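Working notes, beginning with the structure itself.
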Amino acid sequence: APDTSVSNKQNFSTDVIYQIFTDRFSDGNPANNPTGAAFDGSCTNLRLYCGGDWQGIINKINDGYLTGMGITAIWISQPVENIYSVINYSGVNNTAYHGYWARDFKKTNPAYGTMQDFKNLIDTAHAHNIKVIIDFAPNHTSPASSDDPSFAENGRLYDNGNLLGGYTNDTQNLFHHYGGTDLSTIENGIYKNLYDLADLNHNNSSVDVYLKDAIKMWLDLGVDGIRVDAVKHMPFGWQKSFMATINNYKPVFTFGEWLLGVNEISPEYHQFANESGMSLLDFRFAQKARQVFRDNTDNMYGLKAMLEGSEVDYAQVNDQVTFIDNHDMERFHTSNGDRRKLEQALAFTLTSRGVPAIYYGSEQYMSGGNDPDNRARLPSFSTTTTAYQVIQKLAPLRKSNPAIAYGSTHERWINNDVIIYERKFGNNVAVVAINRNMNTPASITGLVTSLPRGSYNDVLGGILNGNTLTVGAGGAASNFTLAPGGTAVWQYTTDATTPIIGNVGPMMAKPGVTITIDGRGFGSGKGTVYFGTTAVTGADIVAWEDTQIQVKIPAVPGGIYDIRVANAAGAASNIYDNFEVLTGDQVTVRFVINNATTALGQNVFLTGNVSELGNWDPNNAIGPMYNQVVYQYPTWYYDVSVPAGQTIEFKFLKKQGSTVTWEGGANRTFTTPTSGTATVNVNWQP
Ligand SMILES: C[C@H]1O[C@H](O[C@H]2[C@H](O)[C@@H](O)[C@H](O)O[C@@H]2CO)[C@H](O)[C@@H](O)[C@@H]1N[C@H]1C=C(CO)[C@@H](O[C@H]2O[C@H](CO)[C@@H](O)[C@H](O)[C@H]2O)[C@H](O)[C@H]1O
Ligand SMILES: [Ca+2]
Ligand SMILES: [Ca+2]
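Just so we're aligned: 602 in the deposited numbering is position 602 of the sequence shown, and the numbers increase by one with no gaps anywhere.
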């Protein structure tokens, strides 16, 4: 089907996501509203339920509020049943309005709707070519005190009505009981509890299998994407086996939230987007966009350096979800902030690389500080605000112009307050000019673009004071003055004669899974897909058309491969690298090694004979292992995704800089479980 189709669950670069807090959008069914102390119909106590639901979203899709804006994907609050308690935290009452305090991952939150209401939402969104992304928060259940079992619902987890267990007297060890995190280390943030939430123990086989069973249930209901909460607070090896469960079953676009502060660049963050099998909410983008367009704490050279730096640091930058604010930030618009600042920041996000997300109420200029004040009920459904019109004119270009959905980003003109960049994909191009200075016009001289000659009209129709661009020979533009606050977008689309790959989804799966390769210029007739030098042709190519190919992963050994497409005429595409072929289905095994004493700067790692363990390469070994919370030094431990049902060979090693010290003796062997969990507990062999 085409790359822009609503049925494309794997890749979202052609979409614009509207992020809805279900409770704060529209109460379409008053009969499902919480009663008593859990409800506030005026929505002035922002920690109570206001009444918004799935019928309210169905209504705003039907009457054209969302589709008039050009939205093609909706991201809603976690749909699962939550605790019913009103918890009083030092005077103020709190409810699960936000969907994050789960008690049954197999049932719906009835304040939002019934399972029939969820089905009706999937089907009415799809009939209007809107994809549906759900939050999924598998790190915890709800507020709990094992010392006081009467507090809230004591973190109890149910499985479709059946109690699996609570936090007090957890003889099954369904939960973690190591105390609360001080966030000092990533290790500390993973196994210790955050706030008062009952942390799930993913090394318990029942919890592992249950969470994997529950995500497949929501995939069977037709969801198109998953946003997973608190990814830096769950074992990276368990999350990799969780992604393999999704990708080897029904692959959908998945991304997580790993929060970064202003001008924080974390290698672990980039490593997670590049290796987990999921992408990330692009905080690096969001924070620099706020410094330049909102806070004025950096200028356009900072913006340029972030766009240029992130194109390299993210192995698949077209999968990162961008935004200028969301549920974990103060709203972009401030009380004394010029609305043009919000309007330019939205135009910047909508024409940039990645998958744009707009937080509900941006188009109505909502302001508010941090939680809960950034989650007020949206005040109006006015269809005529400038911000609504800016999204309406620009959001369609992600479907119609492949330079915007997939293209590279090239700075063509810049100074402290102005940037003009070009997006380019084959011969499709979009050029965007932004002057953030609200009182000084900018004289543009010397602009050269990849546009053919013509008089290009601003796609924004001059509403943000843009102008026509006259382009002559060699892509040279005639000089112009960019108005104060001016933003203009100019574009040209045409056919690709040669194959170009813009995006691939999923990026990690076992042999036989169908992956989706999107781009332009593939042609009508089936050609060849290369995974490395292995060619797959004929019946293994499930679908071929000019913008999308669906092909089965060949039976190649586990490892990472370059993908390349050749059309029927033998013309080959660009390489899309970093694809990981798994050895098979995954299970997460806890590896524990005792008596492994180390020097300062020396850490313990694991490697072995399958690609998941780095294929005996010390530079690709698993670790550094942990050694503080679950087990303490000199015992080291780590949760590692490993192929299910087979005998692996492995050894531990110590690494300090360039020096590797391998365990002596024979190679260790272990037969892994077919999907469930397991622990290996061994002693260092000198
Ligand atoms: C649990 C929180 O998770 C998300 O934010 C994460 C992010 O995904 C991580 O990878 C990142 O690195 O750390 C962030 C912080 O954990 C999500 O976006 C947050 O909004 C989410 N917050 C929830 C959960 C709770 C905790 O029960 C609520 O806070 C309550 O807890 C405190 C202390 O007990 C009380 O004083 C408050 O009054 C409670 O509301 C939040 O309301 C809710 O937003
Ligand atoms: Ca309601
Ligand atoms: Ca955790």
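Quick reminder that beta carbons are idealized off the backbone N, C-alpha and C, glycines included.
Exercise. Quick one: is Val-448 buried, meaning 16 or more other Cβ sit within 10 Å of its Cβ, or exposed?
Worked result: exposed
For this session: Would you mind reading off the limits of the alpha helix (DSSP H) that contains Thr-245?
Result: 236 to 247
Problem set entry | Nearest to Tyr-365 (by Cα), restricted to the options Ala-387, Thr-383, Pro-356 | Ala-387
Problem set entry | beta-carbon residue 742 near ligand 2 non-hydrogen atom, thresh 7 Å | Since the first residue shown for the chain is 1 and the last is 686, residue 742 is missing from the structure and cannot be characterised.
Problem set entry | Classification of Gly-608 by the beta-carbon crowding that lies within 10 angstroms, buried from 16 upward | buried
Problem set entry | Which listed residue (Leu-66, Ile-76, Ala-125, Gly-161) has its alpha carbon closest to that of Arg-103 | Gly-161
Exercise. Any heavy atom of ligand 1 within a distance shorter than 7 Å of the CB on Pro-143?
Worked result: yes
Problem set entry | C-beta contact flag for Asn-129 and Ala-144 at 8 Å | no
Problem set entry | Among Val-536, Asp-546, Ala-539, the one whose alpha carbon lies nearest that of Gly-525 | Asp-546
For this session: Within 10 angstroms of the Cβ of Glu-268, are there 16 or more other Cβ atoms? Answer buried if so, exposed if not.
Result: exposed
Exercise. What number of angstroms, rounded off, separates the C-alpha of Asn-619 from the C-alpha of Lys-655?
Worked result: 10 Å
Exercise. Is it true that the CB of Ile-20 sits closer than 8 Å to the CB of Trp-75?
Worked result: yes
For this session: Check each candidate in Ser-7, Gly-474, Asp-3, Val-489 and name the one with the smallest Cα separation from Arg-453.
Result: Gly-474
Exercise. Can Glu-257 be considered in contact with ligand 1, in the sense that its beta carbon sits closer than 7 Å to one or more heavy atoms?
Worked result: yes
For this session: Just confirm the distance between the C-beta atoms of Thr-351 and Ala-430, as a whole number of angstroms; I'd bet it's less than 8 Å.
Result: 6 Å
For this session: Give the C-beta separation of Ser-279 and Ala-286 to the nearest angstrom, bearing in mind that I take them to be a contact with Cβ-Cβ under 8 Å.
Result: Their Cβ separation, rounded to whole angstroms, is 14 Å, which puts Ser-279 and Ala-286 out of contact at 8 Å.
Problem set entry | Buried versus exposed call for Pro-379 [16 or more other C-beta atoms within 10 Å across all chains shown] | exposed
Exercise. Under a Cβ-count criterion, where at least 16 other Cβ atoms within 10 Å of its own Cβ denotes burial, should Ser-658 be classed as buried or exposed?
Worked result: exposed
Problem set entry | For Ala-572, the nearest candidate out of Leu-260, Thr-497, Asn-627 (CA to CA) | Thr-497
For this session: Give me whichever residues DSSP pairs with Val-660 in a beta bridge.
Result: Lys-655
For this session: Decide yes or no for the touch test of the region 482 to 489 against the region 502 to 513: beta carbon pairs closer than 8 Å, at least 3 of them.
Result: no
For this session: Let me know the secondary structure DSSP gives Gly-261 once reduced to three states.
Result: coil
Problem set entry | Alpha-carbon spacing of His-333 relative to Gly-361, whole angstroms | 10 Å
Problem set entry | Given 8 Å, three or more beta-carbon pairs between the region 640 to 652 and the region 576 to 591 | yes
Problem set entry | Cutoff 6 Å; reference residue 761; Cβ partners in own chain excluding five residues on either side | Outside the shown range of the chain, which is 1 to 686, sits residue 761, and nothing can be said about it.
Exercise. In the region 538 to 595, which residue ranges form an unbroken beta strand (DSSP E) of at least 3 residues, counting only runs that do not cross its ends?
Worked result: 541 to 544, 548 to 552, 559 to 566, 576 to 581, 586 to 594
For this session: Taking only the alpha-carbon atoms, compute the straight-line gap between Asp-23 and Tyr-97 and give it to the nearest angstrom.
Result: 6 Å
Exercise. If you check the beta carbons only, do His-270 and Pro-235 fall under 8 Å apart?
Worked result: no
Exercise. So what's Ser-455 in DSSP terms, helix, strand or just coil?
Worked result: strand
Problem set entry | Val-542 burial status per 10 Å Cβ neighbour count (16 or more: buried) | exposed
For this session: Rounded to whole angstroms, what's the CA-CA distance from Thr-598 to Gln-685? Just pull it up for me.
Result: 14 Å
Exercise. What is the DSSP secondary structure of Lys-107, reduced to helix, strand or coil?
Worked result: strand
Exercise. Based on Cα-Cα distance, which residue from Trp-616, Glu-612, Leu-653, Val-604 lies nearest to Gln-632?
Worked result: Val-604
For this session: Classify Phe-285 as helix, strand or coil using the three-state DSSP reduction.
Result: helix
Exercise. Where does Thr-67 fall in DSSP's three states?
Worked result: helix
Exercise. Can you tell which of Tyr-638, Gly-368, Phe-255, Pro-634 has its C-alpha closest to the C-alpha of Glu-275?
Worked result: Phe-255
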